[PDB]
Amino acid sequence: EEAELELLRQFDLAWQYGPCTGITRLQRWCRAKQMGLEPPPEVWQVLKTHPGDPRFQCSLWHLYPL
Amino acid sequence: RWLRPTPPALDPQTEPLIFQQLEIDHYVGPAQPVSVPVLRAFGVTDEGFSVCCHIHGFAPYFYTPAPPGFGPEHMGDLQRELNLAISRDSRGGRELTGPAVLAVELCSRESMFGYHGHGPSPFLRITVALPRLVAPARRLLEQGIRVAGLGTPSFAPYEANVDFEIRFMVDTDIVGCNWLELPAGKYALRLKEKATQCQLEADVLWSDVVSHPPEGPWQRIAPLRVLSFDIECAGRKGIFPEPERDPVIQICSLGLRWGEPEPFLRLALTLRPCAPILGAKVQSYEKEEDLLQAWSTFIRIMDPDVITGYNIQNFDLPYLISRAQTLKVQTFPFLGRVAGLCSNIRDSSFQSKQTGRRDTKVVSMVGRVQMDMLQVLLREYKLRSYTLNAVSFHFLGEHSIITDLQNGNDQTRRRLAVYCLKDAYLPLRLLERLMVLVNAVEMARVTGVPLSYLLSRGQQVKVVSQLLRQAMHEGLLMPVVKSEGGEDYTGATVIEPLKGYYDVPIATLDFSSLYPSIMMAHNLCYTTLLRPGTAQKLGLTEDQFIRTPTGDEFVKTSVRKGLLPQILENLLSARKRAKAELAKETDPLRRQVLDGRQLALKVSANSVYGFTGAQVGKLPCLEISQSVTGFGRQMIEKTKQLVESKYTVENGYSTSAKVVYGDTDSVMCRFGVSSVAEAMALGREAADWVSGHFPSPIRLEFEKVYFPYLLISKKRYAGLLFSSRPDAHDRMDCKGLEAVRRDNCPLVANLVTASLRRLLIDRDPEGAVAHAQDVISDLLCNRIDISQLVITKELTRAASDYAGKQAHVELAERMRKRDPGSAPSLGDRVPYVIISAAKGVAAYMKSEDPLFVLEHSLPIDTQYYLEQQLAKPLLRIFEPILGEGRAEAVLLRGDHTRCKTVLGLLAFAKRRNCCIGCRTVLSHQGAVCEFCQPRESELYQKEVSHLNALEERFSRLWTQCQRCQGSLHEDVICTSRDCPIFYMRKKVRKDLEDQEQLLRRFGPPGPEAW
DNA sequence: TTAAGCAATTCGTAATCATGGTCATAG
DNA sequence: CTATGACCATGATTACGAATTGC
Ligand SMILES: Cc1cn([C@H]2C[C@H](O)[C@@H](COP(=O)(O)OP(=O)(O)OP(=O)(O)O)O2)c(=O)[nH]c1=O
Ligand code: SF4
Ligand SMILES: [Zn+2]
């Protein structure tokens, strides 16, 4: 923790995985894996050792009335 | 980056200098030629080199009458006035003045105020060494000691104490933004070892210069250099940025030469490594010290003339200065032209009854000129919101996210830089499109004040300047009268209306430039005001003086010519030339900006008259003001008597006309015919007929024909506008009504405009009633956007708003938990909406910020908006066409439509389902009721045509943001509170969320797993 | 040391007056 | 238990002070 919260914030702004501020984080991870762009096997291995926490399993701007 | 061209081959003993000045400056100096105040003048050549000019040998002075004794006509006492008193008790009278070369001079002059005769009198001219010694001398010659050998017994008053640079410019006939010439052999370039940073540095004596009056070929403008910039900072969540914790991360700059239709420089300086942008240079640094140093070096090397931006004074420059002070970078705050001078932040305030009161900071830059476009908008224009988005929509047509666009990758930083460059580009487009700078240069050339005074001062320095420039040509001196305080006088008359609705044409006749032509054609001035005794015992009344309705006597023009007639005549010809230029444009926005130019010149001419009556001012003469408004009242009642008396049934005409209205310059006479051609013909005959009963330039003129007409009260009416006949109609006129004020809701102003449209153009009251019914019904059914509900009010001086409790003051002074660092200040506008509660004693307890009621979802008081905002303007407008059954008609059109309303313990809802047909709560989830089950195909048919229309509204809105943003492949981030698009795109998601779930009460129309 | 003017319509806010409704006491 | 009187408040209307616009 506090290092796992920057890896996800770095996965969320890389443009080669998609334009993602409307959906979940694991849905975008599986969308890129289907098309197989290059999802890395570390943004998966922190979404498995946690429960349904809203500060891991949510996009950066899931507040913010946009 | 790009440098100025190289000054090749100037030789001073053969060649002159011809350059155009921008700024002047005062400077107390050593290195005297073998006075101490020497003058600086900065400017540009006809090619593009930068020229500093040092001017020597000038010292301030004033005048004082020589008292009638044996002293000031005897040279021993003149030089004894120069000589100091060596006594011990004269330490209060010869120290703070001390040994200064005040000197003694004898001259024969006159005082301005009044008319005593054509004969002058001896005055003493007193020079002083320094400009910062005329204040203690004034404190030592009037209330100080003037016992000096009995030469000047106390007291003799001081006359013509004015400003130093203004006295220089009045002396040598140099005006703002003028062409200046140093002749051959008069100036020395290498006499001044370089202390400033310009290219050419001359060193001249103050009698060598030649001033060219701007006219003919001397009416050009040199190629100046204009810069605009913008900055970005990275803040915390909630917390507004603070110059001791939040770094400056990006600076972006645009630069152009004036006269060329595109820029030539486009630079962006960032603080992490970035990605390239086509059309601009990009440099990157790993520390902020390098970024601030790089910007200071660029601003020294490019060396711009003018610096613009948007809110750069109150946000950008002091943020940069404080941030450079915190990080210990010594070389930043030297931004000016003088090589050894650092810059400093200093507060200032301005207040008037015309613009209100505003408090600004200033930052010192010598040589360079500042033009914040926000202050120009706030001074000239009266708008509803003053945000960059709001004025860019009105004229053209468009913090915590940024901190994670900067802590991310380099394409995010490239997106941030493109956003910042668009921000830094918008005020240039506004400056060149609105004709700001051309009008500022013409104002400085017509009035004679510098170019920095049109952003800091009011309308007094300009009329003082023009009066002094006209006073040197006949030899008069101005006095100092100051009084606190006189009384008011009686203003203008308004004629009593015949209120109602008219449907026969009324023609408008008015006088053009009324008060300046009264002051012109009856020879009224300070310098020809006759005191009550000095007529006596001469008895010549006829054609030597006249008498006014307030009571004064004023000398005819066969003896004197006043000074205010000539200043007014110059201003009137300048406005006439501006209108003659405006009569040949075809573009609409260009036509209104030339209208803005001529409006400004008419405001200047009327502020000449308003100077006289200002008892808190510099020279008031309320006798003149009273004579002006007395002549106004007399002439308008003359107009009304004459118009209603001549064209009558016995005088061969058709119908005796009757005046329905008149307001101090205009007359709205109702003629009787219902043919617009015959009304126009008789109205032109009437205007030209009545004008032949006056001196000149007094003239009445036809202006319009209203058909139909609607008169509600004093200063409240409406009508439809005819300019010609085959030019059928132009537009509506809404004088005073609820559509042009800014104290209300957009909903109410829109309803008033649409009602007058349906009522005056199509003449259908039934569509008007149906329209107002639909507006009220959609209000009560909760389908009206919250853009239409926002009220704005101006937060003025804090003590008047201490005196009585208001709504906007209560919202402003109540801070937020998120941000006690961004809140309304004095002078701005506070927006709010009114929510529903049960505290009926106070409408100042129900007000809330629009963004707070957005994010926290508070309900709206529809009864407040129904009975307090809407109802009474409608009862103003709709009554005069009918009786009081019309009040009952709209309150009954409410009554058929008021019966349809839509809406701790509130969380414990049981999700009670309800029948879609007859609204009966019941156990189970099926949509239809057992009594209303047969009619189910019709109840499914009903409401799927509602889902169908919500689907069509989702798609038109959420793809409009993609075209306003620019991109089709990346996310939208725009929470622009002045866009209707925002929060209208938020509610359709919830309407669709609700209406989709109501149709799943019905089963599915098929399987889905096959 | 520094500052154009006044006439207002108009609506809001506050205060005062009127009118009824509720509670308590007495018969 | 019922009726009458008193008090109390609450609501509505009228009069005054204040942002903006017409000149
Ligand atoms: C607008 C305005 C008018 N007035 C006075 C002076 C004017 O002589 C008188 C008439 O008002 P206006 O009709 O507004 O101005 P005007 O008649 O001088 O010029 P024009 O007809 O070309 O539009 O009202 C002022 O004193 N100060 C002002 O700001
Ligand atoms: S909400 Fe959409 S349409 Fe409205 S300003 Fe923002 S981007 Fe433009
Ligand atoms: Zn039912």
# chains A, B, ... in the order shown; residues from 1 in each chain; ligands from 1
$ residues_around --residues "residue B:713" --least-positions-apart "4" --cutoff "9 Å" --atoms "only C-alpha atoms (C1' of nucleotides)" --output "list in words"
residues 497, 499, 500 and 717 of chain B; 9 of chain C
$ write_last_selection --atoms "C-alpha atoms (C1' of nucleotides)" --output "CSV table (one decimal), in the first residue's frame"
chain,number,residue,atom,x,y,z
B,497,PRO,CA,-47.8,59.7,-19.3
B,499,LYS,CA,-50.4,55.0,-19.8
B,500,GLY,CA,-51.5,52.0,-21.8
B,717,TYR,CA,-42.0,51.0,-22.2
C,9,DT,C1',-39.2,52.3,-11.4
$ interface_residues --of "chain D" --to "chain B" --cutoff "7 Å" --atoms "only C-alpha atoms (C1' of nucleotides)" --output "JSON, numbers by chain"
{"D": [20, 21, 22]}
$ residues_near_ligand --ligand "ligand 2" --cutoff "8 Å" --atoms "only C-alpha atoms (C1' of nucleotides) and all ligand atoms" --output "NGL selection string"
:B and (398 or 957-958 or 960-965 or 972-976 or 978-983 or 985)
$ write_last_selection --atoms "N, CA, C and O atoms" --output "PDB file, in the first residue's frame"
ATOM      1  N   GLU B 398     -17.657  29.907 -27.752  1.00  0.00           N
ATOM      2  CA  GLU B 398     -17.492  28.581 -27.122  1.00  0.00           C
ATOM      3  C   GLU B 398     -18.728  28.229 -26.325  1.00  0.00           C
ATOM      4  O   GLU B 398     -19.254  27.122 -26.410  1.00  0.00           O
ATOM      5  N   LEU B 957     -26.889  15.279 -26.848  1.00  0.00           N
ATOM      6  CA  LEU B 957     -26.102  16.007 -25.864  1.00  0.00           C
ATOM      7  C   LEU B 957     -24.732  15.391 -25.636  1.00  0.00           C
ATOM      8  O   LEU B 957     -23.741  16.113 -25.584  1.00  0.00           O
ATOM      9  N   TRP B 958     -24.643  14.070 -25.484  1.00  0.00           N
ATOM     10  CA  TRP B 958     -23.349  13.527 -25.102  1.00  0.00           C
ATOM     11  C   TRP B 958     -22.359  13.420 -26.254  1.00  0.00           C
ATOM     12  O   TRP B 958     -21.199  13.076 -26.021  1.00  0.00           O
ATOM     13  N   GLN B 960     -22.261  16.209 -28.404  1.00  0.00           N
ATOM     14  CA  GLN B 960     -21.947  17.622 -28.570  1.00  0.00           C
ATOM     15  C   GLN B 960     -20.707  18.014 -27.780  1.00  0.00           C
ATOM     16  O   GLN B 960     -19.920  18.854 -28.230  1.00  0.00           O
ATOM     17  N   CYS B 961     -20.496  17.381 -26.627  1.00  0.00           N
ATOM     18  CA  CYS B 961     -19.286  17.593 -25.847  1.00  0.00           C
ATOM     19  C   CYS B 961     -18.044  17.125 -26.588  1.00  0.00           C
ATOM     20  O   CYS B 961     -16.973  17.706 -26.417  1.00  0.00           O
ATOM     21  N   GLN B 962     -18.179  16.099 -27.427  1.00  0.00           N
ATOM     22  CA  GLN B 962     -17.060  15.595 -28.213  1.00  0.00           C
ATOM     23  C   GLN B 962     -16.638  16.569 -29.304  1.00  0.00           C
ATOM     24  O   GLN B 962     -15.462  16.612 -29.660  1.00  0.00           O
ATOM     25  N   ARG B 963     -17.569  17.343 -29.846  1.00  0.00           N
ATOM     26  CA  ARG B 963     -17.248  18.342 -30.854  1.00  0.00           C
ATOM     27  C   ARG B 963     -16.827  19.677 -30.258  1.00  0.00           C
ATOM     28  O   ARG B 963     -16.106  20.434 -30.908  1.00  0.00           O
ATOM     29  N   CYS B 964     -17.299  20.001 -29.057  1.00  0.00           N
ATOM     30  CA  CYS B 964     -16.820  21.185 -28.356  1.00  0.00           C
ATOM     31  C   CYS B 964     -15.459  20.939 -27.715  1.00  0.00           C
ATOM     32  O   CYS B 964     -14.710  21.884 -27.461  1.00  0.00           O
ATOM     33  N   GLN B 965     -15.105  19.686 -27.488  1.00  0.00           N
ATOM     34  CA  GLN B 965     -13.820  19.365 -26.889  1.00  0.00           C
ATOM     35  C   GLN B 965     -12.722  19.277 -27.938  1.00  0.00           C
ATOM     36  O   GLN B 965     -11.573  19.636 -27.670  1.00  0.00           O
ATOM     37  N   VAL B 972     -14.128  13.317 -22.026  1.00  0.00           N
ATOM     38  CA  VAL B 972     -14.536  14.704 -21.851  1.00  0.00           C
ATOM     39  C   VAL B 972     -14.320  15.091 -20.398  1.00  0.00           C
ATOM     40  O   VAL B 972     -14.699  14.346 -19.492  1.00  0.00           O
ATOM     41  N   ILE B 973     -13.657  16.225 -20.170  1.00  0.00           N
ATOM     42  CA  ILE B 973     -13.520  16.816 -18.836  1.00  0.00           C
ATOM     43  C   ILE B 973     -13.814  18.305 -18.984  1.00  0.00           C
ATOM     44  O   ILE B 973     -12.939  19.091 -19.340  1.00  0.00           O
ATOM     45  N   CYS B 974     -15.037  18.701 -18.700  1.00  0.00           N
ATOM     46  CA  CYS B 974     -15.402  20.104 -18.804  1.00  0.00           C
ATOM     47  C   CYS B 974     -16.579  20.296 -17.873  1.00  0.00           C
ATOM     48  O   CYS B 974     -17.693  19.895 -18.205  1.00  0.00           O
ATOM     49  N   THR B 975     -16.339  20.888 -16.719  1.00  0.00           N
ATOM     50  CA  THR B 975     -17.388  21.155 -15.755  1.00  0.00           C
ATOM     51  C   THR B 975     -17.701  22.639 -15.740  1.00  0.00           C
ATOM     52  O   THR B 975     -17.860  23.250 -14.689  1.00  0.00           O
ATOM     53  N   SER B 976     -17.754  23.231 -16.925  1.00  0.00           N
ATOM     54  CA  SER B 976     -17.957  24.656 -17.102  1.00  0.00           C
ATOM     55  C   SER B 976     -19.317  25.122 -16.609  1.00  0.00           C
ATOM     56  O   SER B 976     -20.339  24.865 -17.251  1.00  0.00           O
ATOM     57  N   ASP B 978     -20.752  27.913 -16.672  1.00  0.00           N
ATOM     58  CA  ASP B 978     -21.472  28.855 -17.496  1.00  0.00           C
ATOM     59  C   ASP B 978     -22.023  28.218 -18.761  1.00  0.00           C
ATOM     60  O   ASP B 978     -22.648  28.912 -19.566  1.00  0.00           O
ATOM     61  N   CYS B 979     -21.804  26.889 -18.956  1.00  0.00           N
ATOM     62  CA  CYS B 979     -22.356  26.162 -20.096  1.00  0.00           C
ATOM     63  C   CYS B 979     -23.667  25.515 -19.699  1.00  0.00           C
ATOM     64  O   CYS B 979     -23.712  24.826 -18.672  1.00  0.00           O
ATOM     65  N   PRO B 980     -24.741  25.723 -20.466  1.00  0.00           N
ATOM     66  CA  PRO B 980     -25.957  24.933 -20.252  1.00  0.00           C
ATOM     67  C   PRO B 980     -25.758  23.445 -20.481  1.00  0.00           C
ATOM     68  O   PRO B 980     -26.489  22.660 -19.886  1.00  0.00           O
ATOM     69  N   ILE B 981     -24.809  23.071 -21.341  1.00  0.00           N
ATOM     70  CA  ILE B 981     -24.437  21.686 -21.640  1.00  0.00           C
ATOM     71  C   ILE B 981     -24.144  20.899 -20.377  1.00  0.00           C
ATOM     72  O   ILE B 981     -24.693  19.815 -20.174  1.00  0.00           O
ATOM     73  N   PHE B 982     -23.304  21.436 -19.501  1.00  0.00           N
ATOM     74  CA  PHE B 982     -23.063  20.821 -18.204  1.00  0.00           C
ATOM     75  C   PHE B 982     -24.340  20.914 -17.385  1.00  0.00           C
ATOM     76  O   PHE B 982     -25.105  21.856 -17.551  1.00  0.00           O
ATOM     77  N   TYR B 983     -24.634  19.865 -16.617  1.00  0.00           N
ATOM     78  CA  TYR B 983     -25.777  19.580 -15.738  1.00  0.00           C
ATOM     79  C   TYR B 983     -27.113  19.447 -16.467  1.00  0.00           C
ATOM     80  O   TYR B 983     -28.086  19.056 -15.841  1.00  0.00           O
ATOM     81  N   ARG B 985     -26.595  17.565 -19.224  1.00  0.00           N
ATOM     82  CA  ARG B 985     -26.165  16.231 -19.611  1.00  0.00           C
ATOM     83  C   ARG B 985     -26.152  15.294 -18.417  1.00  0.00           C
ATOM     84  O   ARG B 985     -25.913  14.093 -18.566  1.00  0.00           O
TER      85      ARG B 985
END
$ residues_near_ligand --ligand "ligand 3" --cutoff "12 Å" --atoms "only C-alpha atoms (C1' of nucleotides) and all ligand atoms" --output "PDB file with N, CA and C atoms, in the first residue's frame"
ATOM      1  N   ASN B 913     -44.537  -0.098  -4.360  1.00  0.00           N
ATOM      2  CA  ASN B 913     -44.908  -0.068  -5.764  1.00  0.00           C
ATOM      3  C   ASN B 913     -46.313   0.489  -5.920  1.00  0.00           C
ATOM      4  N   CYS B 914     -46.633   0.908  -7.139  1.00  0.00           N
ATOM      5  CA  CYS B 914     -47.895   1.576  -7.401  1.00  0.00           C
ATOM      6  C   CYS B 914     -48.412   1.213  -8.784  1.00  0.00           C
ATOM      7  N   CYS B 915     -49.736   1.167  -8.908  1.00  0.00           N
ATOM      8  CA  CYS B 915     -50.374   0.879 -10.181  1.00  0.00           C
ATOM      9  C   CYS B 915     -50.151   2.030 -11.152  1.00  0.00           C
ATOM     10  N   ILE B 916     -49.804   1.689 -12.394  1.00  0.00           N
ATOM     11  CA  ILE B 916     -49.497   2.677 -13.415  1.00  0.00           C
ATOM     12  C   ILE B 916     -50.764   3.357 -13.917  1.00  0.00           C
ATOM     13  N   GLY B 917     -51.922   2.738 -13.715  1.00  0.00           N
ATOM     14  CA  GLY B 917     -53.168   3.282 -14.218  1.00  0.00           C
ATOM     15  C   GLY B 917     -53.915   4.214 -13.285  1.00  0.00           C
ATOM     16  N   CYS B 918     -54.020   3.859 -11.997  1.00  0.00           N
ATOM     17  CA  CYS B 918     -54.913   4.567 -11.084  1.00  0.00           C
ATOM     18  C   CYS B 918     -54.263   4.861  -9.732  1.00  0.00           C
ATOM     19  N   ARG B 919     -52.956   4.601  -9.599  1.00  0.00           N
ATOM     20  CA  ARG B 919     -52.101   5.015  -8.476  1.00  0.00           C
ATOM     21  C   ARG B 919     -52.535   4.391  -7.140  1.00  0.00           C
ATOM     22  N   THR B 920     -52.745   3.084  -7.134  1.00  0.00           N
ATOM     23  CA  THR B 920     -53.140   2.434  -5.894  1.00  0.00           C
ATOM     24  C   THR B 920     -52.009   1.549  -5.395  1.00  0.00           C
ATOM     25  N   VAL B 921     -51.470   1.876  -4.226  1.00  0.00           N
ATOM     26  CA  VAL B 921     -50.380   1.086  -3.673  1.00  0.00           C
ATOM     27  C   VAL B 921     -50.892  -0.311  -3.374  1.00  0.00           C
ATOM     28  N   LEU B 922     -50.102  -1.323  -3.716  1.00  0.00           N
ATOM     29  CA  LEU B 922     -50.510  -2.698  -3.462  1.00  0.00           C
ATOM     30  C   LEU B 922     -49.343  -3.672  -3.370  1.00  0.00           C
ATOM     31  N   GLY B 926     -46.285  -6.546 -10.066  1.00  0.00           N
ATOM     32  CA  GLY B 926     -46.896  -6.300 -11.371  1.00  0.00           C
ATOM     33  C   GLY B 926     -47.344  -4.848 -11.528  1.00  0.00           C
ATOM     34  N   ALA B 927     -47.115  -4.311 -12.719  1.00  0.00           N
ATOM     35  CA  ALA B 927     -47.444  -2.932 -13.063  1.00  0.00           C
ATOM     36  C   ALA B 927     -48.918  -2.513 -13.073  1.00  0.00           C
ATOM     37  N   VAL B 928     -49.803  -3.393 -13.528  1.00  0.00           N
ATOM     38  CA  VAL B 928     -51.199  -3.027 -13.681  1.00  0.00           C
ATOM     39  C   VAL B 928     -52.020  -3.479 -12.482  1.00  0.00           C
ATOM     40  N   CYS B 929     -53.111  -2.754 -12.262  1.00  0.00           N
ATOM     41  CA  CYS B 929     -54.075  -2.999 -11.202  1.00  0.00           C
ATOM     42  C   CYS B 929     -55.122  -3.987 -11.702  1.00  0.00           C
ATOM     43  N   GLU B 930     -55.765  -4.703 -10.777  1.00  0.00           N
ATOM     44  CA  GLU B 930     -56.687  -5.766 -11.180  1.00  0.00           C
ATOM     45  C   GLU B 930     -57.965  -5.209 -11.791  1.00  0.00           C
ATOM     46  N   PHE B 931     -58.336  -3.984 -11.435  1.00  0.00           N
ATOM     47  CA  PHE B 931     -59.495  -3.355 -12.051  1.00  0.00           C
ATOM     48  C   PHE B 931     -59.130  -2.718 -13.380  1.00  0.00           C
ATOM     49  N   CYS B 932     -57.883  -2.262 -13.482  1.00  0.00           N
ATOM     50  CA  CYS B 932     -57.411  -1.628 -14.738  1.00  0.00           C
ATOM     51  C   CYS B 932     -56.396  -2.547 -15.426  1.00  0.00           C
ATOM     52  N   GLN B 933     -56.807  -3.779 -15.743  1.00  0.00           N
ATOM     53  CA  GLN B 933     -55.920  -4.758 -16.414  1.00  0.00           C
ATOM     54  C   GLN B 933     -56.271  -4.832 -17.905  1.00  0.00           C
ATOM     55  N   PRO B 934     -57.566  -4.760 -18.286  1.00  0.00           N
ATOM     56  CA  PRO B 934     -57.969  -4.824 -19.695  1.00  0.00           C
ATOM     57  C   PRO B 934     -57.226  -3.783 -20.546  1.00  0.00           C
ATOM     58  N   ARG B 935     -57.136  -2.545 -20.045  1.00  0.00           N
ATOM     59  CA  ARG B 935     -56.448  -1.446 -20.774  1.00  0.00           C
ATOM     60  C   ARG B 935     -54.952  -1.465 -20.434  1.00  0.00           C
ATOM     61  N   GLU B 936     -54.241  -2.508 -20.875  1.00  0.00           N
ATOM     62  CA  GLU B 936     -52.817  -2.631 -20.622  1.00  0.00           C
ATOM     63  C   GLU B 936     -51.978  -2.433 -21.873  1.00  0.00           C
ATOM     64  N   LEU B 939     -51.733   1.184 -22.062  1.00  0.00           N
ATOM     65  CA  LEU B 939     -50.825   1.693 -21.044  1.00  0.00           C
ATOM     66  C   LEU B 939     -49.373   1.315 -21.284  1.00  0.00           C
TER      67      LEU B 939
END
$ residues_near_ligand --ligand "ligand 1" --cutoff "9 Å" --atoms "only C-alpha atoms (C1' of nucleotides) and all ligand atoms" --output "PyMOL selection string"
(chain B and resi 492+510-518+599+602-603+605-607+609-610+632+664-666) or (chain C and resi 4-6) or (chain D and resi 22-23)
$ write_last_selection --atoms "N, CA, C and O atoms (P, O5', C5', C4', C3', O3' and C1' of nucleotides)" --output "compact mmCIF listing (two decimals), in the first residue's frame"
# COMPACT_ATOMS: atom_id res chain seq x y z
N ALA B 492 -33.76 66.98 -13.93
CA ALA B 492 -34.51 67.01 -15.18
C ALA B 492 -36.00 66.74 -14.97
O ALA B 492 -36.40 66.07 -14.02
N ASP B 510 -36.40 64.17 -31.05
CA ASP B 510 -35.53 64.49 -29.94
C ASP B 510 -34.42 65.44 -30.35
O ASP B 510 -34.15 65.63 -31.54
N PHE B 511 -33.79 66.04 -29.34
CA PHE B 511 -32.64 66.90 -29.53
C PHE B 511 -31.37 66.07 -29.43
O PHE B 511 -31.26 65.18 -28.58
N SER B 512 -30.40 66.39 -30.28
CA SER B 512 -29.12 65.69 -30.33
C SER B 512 -28.03 66.56 -29.71
O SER B 512 -27.91 67.74 -30.06
N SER B 513 -27.24 65.95 -28.82
CA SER B 513 -26.21 66.62 -28.00
C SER B 513 -26.77 67.85 -27.29
O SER B 513 -26.45 68.99 -27.62
N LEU B 514 -27.67 67.59 -26.34
CA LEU B 514 -28.48 68.65 -25.76
C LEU B 514 -27.67 69.56 -24.84
O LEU B 514 -27.60 70.78 -25.05
N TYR B 515 -27.06 69.00 -23.81
CA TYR B 515 -26.35 69.84 -22.85
C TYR B 515 -25.07 70.48 -23.39
O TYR B 515 -24.83 71.66 -23.06
N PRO B 516 -24.21 69.81 -24.19
CA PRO B 516 -23.09 70.55 -24.79
C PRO B 516 -23.51 71.67 -25.73
O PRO B 516 -22.82 72.69 -25.80
N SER B 517 -24.67 71.57 -26.38
CA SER B 517 -25.10 72.65 -27.24
C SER B 517 -25.77 73.78 -26.49
O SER B 517 -25.76 74.92 -26.96
N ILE B 518 -26.38 73.48 -25.33
CA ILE B 518 -26.81 74.55 -24.42
C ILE B 518 -25.59 75.34 -23.94
O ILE B 518 -25.58 76.58 -23.99
N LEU B 599 -19.88 56.24 -28.74
CA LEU B 599 -20.51 56.30 -27.43
C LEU B 599 -19.50 56.87 -26.42
O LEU B 599 -19.84 57.69 -25.58
N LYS B 602 -19.15 60.61 -26.91
CA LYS B 602 -20.30 61.33 -26.35
C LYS B 602 -20.28 61.33 -24.81
O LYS B 602 -20.66 62.34 -24.19
N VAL B 603 -19.79 60.25 -24.19
CA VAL B 603 -19.64 60.20 -22.74
C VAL B 603 -18.60 61.21 -22.27
O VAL B 603 -18.79 61.88 -21.24
N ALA B 605 -17.86 64.09 -23.82
CA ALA B 605 -18.45 65.43 -23.94
C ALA B 605 -19.46 65.72 -22.84
O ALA B 605 -19.57 66.86 -22.40
N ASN B 606 -20.20 64.71 -22.37
CA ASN B 606 -21.16 64.96 -21.29
C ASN B 606 -20.49 65.02 -19.92
O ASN B 606 -20.97 65.74 -19.02
N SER B 607 -19.37 64.31 -19.74
CA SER B 607 -18.62 64.42 -18.49
C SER B 607 -17.92 65.76 -18.35
O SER B 607 -17.58 66.14 -17.23
N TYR B 609 -19.60 68.58 -18.91
CA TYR B 609 -20.64 69.28 -18.15
C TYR B 609 -20.75 68.76 -16.72
O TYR B 609 -20.99 69.53 -15.79
N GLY B 610 -20.63 67.44 -16.54
CA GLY B 610 -20.73 66.89 -15.19
C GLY B 610 -19.57 67.23 -14.28
O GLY B 610 -19.67 67.03 -13.07
N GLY B 632 -32.84 73.32 -20.16
CA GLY B 632 -33.41 72.06 -20.63
C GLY B 632 -34.91 71.96 -20.40
O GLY B 632 -35.67 71.62 -21.32
N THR B 664 -37.10 64.50 -20.95
CA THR B 664 -35.97 65.45 -20.82
C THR B 664 -35.12 65.67 -22.06
O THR B 664 -34.35 66.64 -22.10
N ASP B 665 -35.24 64.84 -23.09
CA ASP B 665 -34.64 65.13 -24.37
C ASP B 665 -35.52 64.75 -25.54
O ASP B 665 -35.24 65.20 -26.66
N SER B 666 -36.56 63.96 -25.33
CA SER B 666 -37.36 63.40 -26.41
C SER B 666 -38.83 63.70 -26.17
O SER B 666 -39.25 64.02 -25.06
P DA C 4 -14.08 60.70 -11.73
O5' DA C 4 -15.38 61.60 -11.58
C5' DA C 4 -16.62 61.25 -12.23
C4' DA C 4 -17.56 62.43 -12.24
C3' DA C 4 -19.00 62.12 -11.81
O3' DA C 4 -19.12 62.40 -10.41
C1' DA C 4 -19.03 63.17 -13.92
P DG C 5 -20.39 61.91 -9.57
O5' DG C 5 -21.59 62.75 -10.17
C5' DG C 5 -21.60 64.19 -10.09
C4' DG C 5 -22.77 64.75 -10.87
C3' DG C 5 -24.13 64.23 -10.42
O3' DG C 5 -24.61 65.09 -9.38
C1' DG C 5 -23.94 64.13 -12.81
P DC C 6 -25.63 64.57 -8.26
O5' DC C 6 -26.98 64.36 -9.07
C5' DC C 6 -27.73 65.48 -9.54
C4' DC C 6 -28.97 65.01 -10.27
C3' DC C 6 -30.06 64.41 -9.37
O3' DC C 6 -31.28 65.01 -9.81
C1' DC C 6 -29.56 62.94 -11.15
P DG D 22 -31.90 50.90 -19.67
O5' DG D 22 -32.50 52.36 -19.48
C5' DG D 22 -33.77 52.56 -18.84
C4' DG D 22 -34.16 54.02 -18.89
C3' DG D 22 -33.70 54.76 -20.15
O3' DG D 22 -34.65 55.76 -20.52
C1' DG D 22 -32.67 55.73 -18.26
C1' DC D 23 -31.17 60.13 -19.16
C3' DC D 23 -32.12 60.61 -21.35
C4' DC D 23 -32.91 59.52 -20.64
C5' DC D 23 -32.92 58.25 -21.49
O5' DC D 23 -34.26 57.89 -21.80
P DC D 23 -34.66 56.34 -22.01
$ interface_residues --of "chain A" --to "chain B" --cutoff "12 Å" --atoms "only C-alpha atoms" --output "list in words"
residues 6, 7, 8, 9, 10, 11, 12, 13, 14, 15, 16, 17, 18, 19, 20, 21, 22, 60, 61, 63, 64, 65 and 66 of chain A
